[PDB]
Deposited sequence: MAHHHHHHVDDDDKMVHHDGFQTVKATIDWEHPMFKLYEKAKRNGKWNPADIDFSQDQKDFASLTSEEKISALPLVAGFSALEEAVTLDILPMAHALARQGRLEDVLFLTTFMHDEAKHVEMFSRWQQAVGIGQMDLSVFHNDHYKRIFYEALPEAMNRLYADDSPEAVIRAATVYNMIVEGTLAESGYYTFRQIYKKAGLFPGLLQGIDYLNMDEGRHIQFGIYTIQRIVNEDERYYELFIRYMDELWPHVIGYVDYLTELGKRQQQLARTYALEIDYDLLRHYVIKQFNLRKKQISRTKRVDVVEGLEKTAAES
């Protein structure tokens, strides 16, 4: 549908908007290029591993490559919804969000290619709980926004995408991969990529918090919705963790399991009822 006019013709960008400021920070801090990462030592590391050691790394990598590909595709309805609401500064920021996710997809796929597993179908490490989140609930919640951009719908989309997928699973995923391979001295190229990815994702979670809080600020009752949507997805979060834990047991899992519980609970505390 038509444009009624243009904000930068009638006026200017809102230079003090929090998402304009986040956009500026993203440009300053968003220069890394996965194409520059040296994966040559990762290739040698992976080839020196035994077959059973090789397999141990793949379930987490399978979870991250799908996560990054999903969030690359599934942010587009949020950008559309906020554009249609006239939230220009949010849209400017989300162009950096979307491009970050493209680099994240690229990074993991370059690593798979370099270590010699690009031809392997890693889908076998997505259990039913993983699929419920990433194949189903995430795209459902985001695509809803094309026909329903109500505050309820936007809160639910930002909860599933930013607070659960990125703020709980991905955050715990980063941590876990460091807790394991930085200690072993393995995969320095991948760990550099993860460092850059984690820096990007700091910004992404701030957008999710801003979005949820500004809706909660209009009506305290949306706080209860936020908490409910978090709790709805917990069984699938922990059910995926239980599956990864069981795979690997076939590393302090009690410490990684608690990191996931910990992240879930601190995401809740970043939203204020008042």
query	finding
Non-modelled portions of the deposited polymer sequence, in sequence order	1-15, 266-276, 301-316
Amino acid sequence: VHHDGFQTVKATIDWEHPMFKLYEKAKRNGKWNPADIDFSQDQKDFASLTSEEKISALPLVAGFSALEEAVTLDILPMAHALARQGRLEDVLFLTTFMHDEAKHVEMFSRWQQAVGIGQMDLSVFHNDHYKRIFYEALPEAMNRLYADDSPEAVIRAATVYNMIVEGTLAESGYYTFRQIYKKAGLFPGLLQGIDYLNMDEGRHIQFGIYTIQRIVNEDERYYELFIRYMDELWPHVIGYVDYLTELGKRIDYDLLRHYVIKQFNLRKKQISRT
From here on, numbers count along this sequence of modelled residues.
{"query": "Of 161-169 and 175-183, the stretch whose C-alpha atoms average the higher B-factor in the entry", "finding": "175-183"}
{"query": "Which of 75-83 and 121-129 has higher mean CA B factor, as the PDB entry lists it", "finding": "121-129"}
{"query": "Member of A57, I37, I209, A26 with the greatest C-alpha B factor (per the PDB record)", "finding": "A57"}
{"query": "Third of the chain's Cα B-factor distribution that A66 belongs to, per the entry", "finding": "lowest"}
{"query": "Lowest, middle or highest third - CA B-factor, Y259", "finding": "highest"}
{"query": "Third of the chain's Cα B-factor distribution that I251 belongs to, per the entry", "finding": "highest"}
{"query": "Within-chain third of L266 by Cα B-factor, per the entry", "finding": "highest"}
{"query": "Third assignment of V216 from its chain's C-alpha B-factors", "finding": "highest"}
